[PDB]
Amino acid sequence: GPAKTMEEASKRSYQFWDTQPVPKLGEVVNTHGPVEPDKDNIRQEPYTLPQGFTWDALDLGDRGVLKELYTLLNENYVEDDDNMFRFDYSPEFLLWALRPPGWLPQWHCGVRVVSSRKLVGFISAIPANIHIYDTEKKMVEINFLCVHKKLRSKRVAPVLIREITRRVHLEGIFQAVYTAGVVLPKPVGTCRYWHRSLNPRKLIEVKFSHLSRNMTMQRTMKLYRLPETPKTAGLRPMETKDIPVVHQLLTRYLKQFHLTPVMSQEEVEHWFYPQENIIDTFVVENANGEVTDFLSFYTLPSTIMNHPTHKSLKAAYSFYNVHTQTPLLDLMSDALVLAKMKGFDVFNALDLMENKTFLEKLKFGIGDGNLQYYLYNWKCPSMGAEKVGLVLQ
């Protein structure tokens, strides 16, 4: 089984991860570099799946195939620790997350049942330039590892991981970054989700939160009430003319952290240009016409499992927030107001980058879910959450 805490994880043997070029959970890392040298001959044949299952690369430009992936994740992807909420990535969100600049069709790696053609497994890779301490490396980001509930505990996830590794190796890339809600060998950083209630009545009704014993519903609703409009002068949605300055602002802002993406201007357009119900970015254009700050958050609802009335929890997730003239506290306050205006029930943020400076002050409450950060085939010292400067969807 999986381990959510470092306690549980110390008691595990990792039959798969012991075979992989990652550090052991027990060791402390005092060096910087690849775990193993680059391979100059790569396995040409796909790894063998169990009988009755076949590989199939997913063309997400086919609407029907995209909907099959939507359905696999909607029914079988990540749940909270109490099996009450499950991610509900939309088809259009999946296209955003899975076709950034440089995406490859072979890195959308599906498993189908041979007879029925049912999609029962998936894993993905997208290319990314990653800055880790003093090194910049072309890597991939791994995401959406999913095995159908009926196919579980049959060692299909290790096969998915080895096959995407092989397909990435064929393109000359030997490092990866990824996250997980569980502890694996070996986290480079550990983050914690925090939650800012926007519609506390619904959150309590669906048991996403609870009334804290000595507070009433009326007190809780007043506690989380927000202004109707944002307060920062010149706040407006990002437009095409802002792409260069958003790129510049982000590039300079990220230098202070130890694990960050290095985005081209085209990647900046992809990741930040607003798309309704996927990604929102607002810039601050001052009295001189200069863009000095920006905030962004992505749209990711959760299915509320087995509930008769409320079926979906509308969640906004803090993405990248860059401040040079507006205080970060004011920026995030305006993000909360905008998310409330757009109908979200909760605003989520990790404790990475400078987020701890605003979490308690803006009335976020700590969550029960960790987000561990990992590198594959890269040895380096771990870092505190405040030095993680990378957000994956």
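Rigid core here is just the name for the largest C-alpha set that superposes within 1.5 Å across the two forms. Quick note: we count residues from 1 along the sequence shown, nothing fancier.
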query	finding
Greater root mean square CA deviation, 310-318 compared with 224-232 in 8 other deposited structures of this protein, core aligned	310-318
Stretch exceeding the other in mean C-alpha B-factor - 106-114, 90-98	106-114
Mean C-alpha temperature factor, higher of 246-254 and 129-137	129-137
Top residue by Cα temperature factor, when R236, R225, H323, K311 are compared in the entry	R225
Criterion, highest CA B-factor; candidates, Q265, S318, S153, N143	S153
Where the record places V177 (Cα B-factor, split into thirds across the chain)	lowest
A349 - which third its CA temperature factor falls in, relative to the rest of the chain	lowest
Lowest, middle or highest third - CA B-factor, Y14	highest
Relative C-alpha B-factor of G189, binned into the chain's lowest, middle or highest third	middle
CA B-factor placement of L336, once the chain's modelled residues are sorted into thirds	middle
